[PDB]
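As C-alpha cells, one chain now follows by itself in the form deposited in one PDB entry.
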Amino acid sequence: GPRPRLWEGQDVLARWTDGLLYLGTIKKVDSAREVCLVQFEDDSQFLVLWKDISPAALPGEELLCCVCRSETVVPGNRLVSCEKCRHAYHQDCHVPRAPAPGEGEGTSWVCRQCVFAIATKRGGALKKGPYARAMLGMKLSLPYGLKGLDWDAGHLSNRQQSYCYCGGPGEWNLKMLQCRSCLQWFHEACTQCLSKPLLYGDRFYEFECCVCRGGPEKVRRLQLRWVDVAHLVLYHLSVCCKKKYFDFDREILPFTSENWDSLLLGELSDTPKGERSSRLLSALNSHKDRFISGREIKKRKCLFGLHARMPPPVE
C-alpha cells in the first residue's frame, strides 16, 4: 500500500508488559512478524507488536477514523473526536461505542487510549475523579475477543499476547492478577482495587475483574506464612535486581523492614523486629528445597538465593 500506518523514524507510544505507555521511535518495521523494533527514551530497543503501538495523527487526519482509516460517515455511526488527543473514531470503531456529542456521561468524552494513558499508574490506577470513573466505564468491555485467544497449556500466556483491560502484552508472574472467573490476567497498573503495589511473583490473592463483575473489581489478600514471606521477598528482589544472591543484613532484611506495611502480611504485622529478623532468617536457612545459602565471611555477608525460577506456590 502507499501509506503504511507505521514507518521507520516515527515517534510512537508503545504499551509495555506492565500495561503502561512509553515514548519511543520506530527503528525497523517487520511485516512478516508484525512487529516493530522500537527505541525508547533510555535507548533500550525491543520488538513491539503492532497492536501495542500508537502513532500521533498527521495534519489533515481529523477526517479519518484513527482505527479504520476511513472517511465515510453513515447514520448511526458518526465520527467522534477525542477531546484529549483530538484523534477521531467511528462510534462503532471504539470500545465501548463512542457517544455522539452531548450524549456522554461526564462533562465530556475522551478515548480509551487517553483514559488509560492518564489513569494507569505503577502501583495501581487512579481511584478517584473523572478519569478514574471513565476508566471504570471503559473496563466493562475488552478491546479484543476473549474466546479467540490461543492459550498455552497452563493458561499463563497466549499467542496473541492480549491481556488485561488494555489488551497489552504481559507476563503473568510479573505484577499481574488472574481473574477467578475468566482466568484472564490483568496488570497491576490497570486495576483500581489495590491498597499496595504487588510483589513480583505474588499470587496470594483472589481477584475478580470488572468485566466479570459488571462493575468495580473485587480483591482479597490471602494470609502468608513466614516461608512465603521469605520466598516472595527473594523472588521480588531477584526480579527487581536481576541477580540470584542477596545479602541478608544489607539487602533482604532492610527491604522487608522498609517495605513492611506494603507487604500486606496480615497477622504477622506486629512481629517485633528482633523476632522479625530471626523468623525470616530461620525461614531462609531451613527450607533448602527453596533457598540456597552462601557466605562471604571476610565481607561479613550471609547470602540467600532461590533454587527455582517459578514464583512461590500458593498454599
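When you see a residue number, it is the position in the sequence shown, counting from 1. Rigid core (definition): largest C-alpha set, two forms, superposition within 1.5 Å.
Only in words, not in the display: the form deposited in another entry, which the text now covers.
Rigid core superposed between this form and the one not shown, residues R221, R203, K127, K84 considered: the one with a C-alpha shift of 2 Å or more is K84.
Taking 2 Å as the criterion, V73 counts as shifted between this form and the one not shown: its C-alpha moves by at least this amount when the rigid core is aligned. Once both forms are fitted on their rigid core, the CA atom of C302 lies 2 Å or more apart between this form and the one not shown.
Once the cores line up, the CA of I53 ends up less than 2 angstroms apart between this form and the one not shown.
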